[PDB]
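What follows is the residue order along each chain.
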Amino acid sequence: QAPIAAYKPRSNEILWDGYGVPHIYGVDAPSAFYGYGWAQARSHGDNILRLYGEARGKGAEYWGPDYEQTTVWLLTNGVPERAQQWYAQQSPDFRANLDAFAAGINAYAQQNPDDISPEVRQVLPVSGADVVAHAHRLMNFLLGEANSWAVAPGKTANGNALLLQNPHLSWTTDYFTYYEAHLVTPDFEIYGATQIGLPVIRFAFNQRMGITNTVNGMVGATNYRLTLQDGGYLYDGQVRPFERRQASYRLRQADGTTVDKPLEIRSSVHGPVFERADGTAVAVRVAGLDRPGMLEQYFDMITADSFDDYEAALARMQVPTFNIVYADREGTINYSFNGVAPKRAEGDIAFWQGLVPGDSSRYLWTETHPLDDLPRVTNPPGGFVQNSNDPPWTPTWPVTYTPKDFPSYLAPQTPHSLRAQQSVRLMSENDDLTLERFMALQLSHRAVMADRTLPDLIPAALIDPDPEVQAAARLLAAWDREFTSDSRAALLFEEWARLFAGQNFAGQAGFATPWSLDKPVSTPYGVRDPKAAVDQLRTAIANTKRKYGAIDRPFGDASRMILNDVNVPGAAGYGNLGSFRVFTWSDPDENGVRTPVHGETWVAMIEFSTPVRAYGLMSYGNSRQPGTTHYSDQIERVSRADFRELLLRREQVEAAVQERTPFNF
Ligand SMILES: [Ca+2]
């Protein structure tokens, strides 16, 4: 009935487990934030310092030409200055948490100067405002894939909600690195993953509740085509002069000196002006520049004492983008299509994504939608919600709204990917779910596109006079259509699909029966032009041999996951082919070996039983500092889908501790 007793820390300490996951215990909130900053510095200090240096607008100054483009971009959009403003505009209690986090990073570096790379030492000390700037850059001035599931009690065997956290970002891009951690104070507990440098956990759960995120592509900014005339720009039939402001920055030279570079910032009524290569003057207008509370909003959301508290925090509209999914031990699940969306009187999403006329107040929006204007689903009749980056039109099944219920500029009405179709199928078709079964369904790696095309392609290919084309057809026909390590037909099938549906597998032109929202998990279907498709198979056969050495190389012999000296077989594949579990394989090297560019990173599954039970893995480990043993130590488990029990209970943490860091704050 009531959740288990909350632990009351009596001293400040980090207890590290065998995978480099910090469990940070603080006697108050600022102590916990300090421990967290320390931990992030230990695990990811070099890259965090680099990113903070950038968000300062000092990339060019610290590291030179390779960082200049970002510096100009951030200074033109006023990022470092606005961050100072946002910092001052924080509530006093939350500002103190940001200060403690920064102090934690500084203290780590001070105590361990040998762990900080020479190039990023000049960044120190860091400040609460540096923290705010990085978050500002990440959310506003930086598409990524993810899956998300929440399952209501009545859909489960035990009667407790289930939650999947499953973001698919790059395995290399530094600011997209996820980090796993656990924070405990007398007043709250949070477990989960977040991007390095963020002082709040974005993929969080505790004994009461949890949330996950996916990219919705919230159209938060407008690009306005300006009509230049007589030194200014035409607007409402009149010539307006630009606002002009002289700035400057330092650029590091090869000889270690810096050089002063002038930067003129021009602005129209819309916002700062950029000149494109072709000569088009474009004004960029970003919504939600006046929303300083995004970090505190996430923090209040994840530490909410009830669903009502959660929703009230969400409704602050300080988080500019993202689909957000929620579940709790009380049994509530919710999907929210979130972000800061301008109110507009006309135009669909395509109009607002292109260049909008910058010559008229007709297109100058000034207000944004409250939470209640955006697509949301709570405790639907189907007993689940999902999003796999599909437009928000099948977040549950049966649906609870249609496209007509919302302004046409909020979200597209384009065909749902085969991954998103699988997502809906896997939840809706299963009842009486256990955590074990939930996890088994997460591993789904079906070549759904093969189900949609092979029935037409095979017989067409078998009538080709080329015996090699015939052999390829039989190879494809014998395939179980799963992306398993041992599959001899999967690589060939991918190569054919690159032609049939484009290099991203999203092309629609080749199906016989087009996608339809009336049949949203069984269209598109069929091969429109079978003879043409056979010609594509012919080309694909040559492509497969060239890339991999044969038409029947085992999928997991070519597809490997390789970190340090760990090299294990791959399984699952591209989302747009229908694989739910995603590994976006790179192009092969000269030996036909390829690895994930993006895909599964932080993967966690939580049952809100009492106490909660949760399992997870992090593909690229919990640290990327040179010399760490916690980079390649999880990938072998990933290759066998061997998830770790995630440990939130004090006795569990104490039994797993491999390193103890007492701290003072
Ligand atoms: Ca050390």
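Residues numbered from 1 in each chain as written, not as in the entry; some residues may be left out. Heavy atoms only, no water.

- Per the PDB record, this model was obtained through X-ray crystallography at a reported resolution of 2.3000 Å.

- If you look the protein chain up in the PDB entry, it shows as Cephalosporin acylase from Pseudomonas sp..

**Side note on the overall build of the protein chain**
Step number 1: Secondary structure assignment for the protein chain yields 19 helices and 31 strands.
Step number 2: In terms of overall size, the protein chain behaves like a compact globule, its C-alpha atoms giving a radius of gyration of 26 Å where 665 residues would be expected to give roughly 26 Å.
Step number 3: By principal-axis analysis of the C-alpha atoms, the protein chain measures approximately 75 × 70 × 55 Å.
Step number 4: Looking at the protein chain as a whole, 59% of its 665 residues are labelled buried.
Step number 5: Surface exposure of the protein chain reaches about 25700 Å², of which carbon and sulfur atoms provide 48%.
Step number 6: For the protein chain, the distance from the average site of its 59 positive side-chain charges to the average site of its 77 negative ones is 2 Å. (Helix = DSSP H or I, 4+ residues; strand = E, 2+ residues; numbered from the N terminus. Rg over C-alpha atoms; globule rule 2.2 N^0.38 Å. Buried < 20%, exposed > 50% of the residue type's maximum accessible area, 1.4 Å probe, protein only. Areas by Shrake-Rupley, 256 points an atom, 1.4 Å probe, with all protein chains shown as cover. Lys, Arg positive; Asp, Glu negative; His and termini not counted. Charge placed at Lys NZ, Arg CZ, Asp CG, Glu CD.)

**A look at the coordination of the calcium ion**
Reference geometry at the metal: tetrahedral coordination by four donors gives ideal angles of 109.5 degrees; octahedral coordination by six donors gives 90 or 180 degrees.
Step number 1: Surrounding the calcium ion are the protein donor atoms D115 (OD) and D115 (OD), at 2.6 Å.
Step number 2: Among the secondary structure elements, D115 is positioned in the loop between α5 (92-111) and α6 (118-121). (Donors = N, O, S within 2.8 Å, 3.2 Å for Na, K, Ca; no water.)

**Thoughts on the domain arrangement of the protein chain**
Step number 1: Here the protein chain is partitioned into domain 1 (1-45 + 147-217 + 287-444 + 596-656), domain 2 (46-144), domain 3 (222-286) and domain 4 (445-595).
Step number 2: Centre-to-centre, using C-alpha coordinates, domain 1 lies 24 Å away from domain 2.
Step number 3: The partner domain 2 presents 37 residues to the 38 residues of domain 1 that form the contact.
Step number 4: Counting the surface lost from both domain 1 and domain 2, the interface buries some 3300 Å², and carbon and sulfur atoms represent 71% of this. (Domains from an automatic or database assignment. Contact = heavy atoms within 4.5 Å. Buried area = accessible area lost by both parts, 1.4 Å probe.)

**What about the side chain of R553?**
Step number 1: With respect to the helices and strands, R553 occurs in the loop between α16 (530-548) and α17 (555-558).
Step number 2: A residue is classified by how much of its surface remains accessible, and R553, at 15% relative accessible area, is buried.
Step number 3: A polar side-chain atom of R553 sits 2.8 Å from a polar atom in the side chain of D557.
Step number 4: Among the polar contacts made by the side chain of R553, one reaches the main-chain carbonyl oxygen of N591 at a distance of 2.8 Å.
Step number 5: If sequence neighbours within four positions are ignored, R553 has contacts with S487, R488, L491, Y548, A558, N591, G592 and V593. (Polar contact = N/O pair within 3.5 Å; in protein donor to acceptor, adjacent residues only side chain to side chain.)

**Concerning the sheet that holds strand β16 (residues 281-286)**
Step number 1: Read across the open sheet, the four strands follow the order β15-β16-β9-β19; overall the sheet is mixed. With one partner strand each, in any of the chains shown, β15 (273-275) and β19 (355-357) form the two edges of the open sheet. For this sheet the average axis-to-axis angle between neighbouring strands, irrespective of direction, equals 40°.
Step number 2: In terms of strand pairing, strand β9 (residues 221-225) meets β16 through five bridges, oriented antiparallel. In the sheet register, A221 faces β16, and the bridge partner there is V286. (Pairing = 2+ DSSP bridges. Axes fitted to C-alpha atoms, helices over the stretch in contact; angles between N-to-C directions.)

**A look at the packing of aromatic side chains**
Step number 1: Under the defined criterion, the tally for this structure stands at 40 aromatic pairs.
Step number 2: Seen in terms of ring centroids, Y62 and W63 are 5.4 Å apart; in terms of plane orientation they differ by 75°. Their pairing is edge-to-face.
Step number 3: Relative accessible area serves as the criterion here: at 10%, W63 is assigned to the buried category.
Step number 4: Ring centres of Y233 and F242 lie 4.9 Å apart, and the angle between their planes is 35°; on these two criteria the pair is classed as tilted.
Step number 5: On the basis of relative accessibility, which here comes to 1%, the residue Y233 falls in the buried class.
Step number 6: With relative accessibility at 8%, the residue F242 sits in the buried group.
Step number 7: Within the aromatic cluster, the residues linked to one another by ring pairs are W171, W479, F483, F493, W496, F500, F511, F555, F583, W585 and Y620.
Step number 8: Cation over ring: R344 sits above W352, and NZ or CZ is 5.2 Å from the ring centre. (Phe/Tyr/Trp six-rings, centres within 6.5 Å; stacked < 30°, edge-to-face > 60°. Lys NZ or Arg CZ within 6 Å of the ring centre and 35° of its normal.)

**Some thoughts on the side chain of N338**
Step number 1: Relative to the elements of secondary structure, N338 occurs in the loop between β18 (333-337) and α10 (349-353).
Step number 2: Look at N338 and you get buried, because its relative accessible area is 0%.
Step number 3: Those residues in contact with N338 that lie beyond four places of it in its chain are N216, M218, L314, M317, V319, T321, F322, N323, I324, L371 and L374.

**Remarks on the sheet that holds strand β3 (residues 145-151)**
Step number 1: Read from one edge to the other, the open sheet built from six strands follows the order β21-β3-β4-β28-β29-β30, with strand pairing classed as antiparallel. Two strands lie at the open edges of the sheet, namely β21 (384-387) and β30 (644-645), each paired on one side alone.
Step number 2: Taken together, the four bridges between strand β4 (residues 162-168) and strand β28 (residues 602-607) define a ladder with antiparallel strand orientation. Its bridge partner lying in β28, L162 is registered against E607.
Step number 3: The strands touched by helix α11 (residues 418-428) are β3, β4 and β21; relative to β3, the strand with the most contacts, the crossing angle is about 15°.
Step number 4: Across the sheet, helix α12 (residues 435-442) lies against β3, β4, β28 and β29 (613-618), angled at about 155° from β28, the strand it touches most.

**So, the packing of α5 against helix α7 (residues 128-140)**
Step number 1: Interaxial distance between α5 and α7 falls to 7 Å at its minimum, and their mutual angle equals 100°. If you check the angle between α5 and α7, you find them roughly perpendicular. Here α5 contributes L98, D99, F101 and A102 to the contact with α7, which in turn contributes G128, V131 and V132.
Step number 2: Each residue belonging to the contact of α5 with α7 can be placed in one class, and the counts come to five nonpolar, one polar and one charged. (Parallel < 35°, antiparallel > 145°, perpendicular 65-115°, else oblique. Nonpolar A, V, L, I, M, F, W, Y, C, P; charged D, E, K, R; others polar.)

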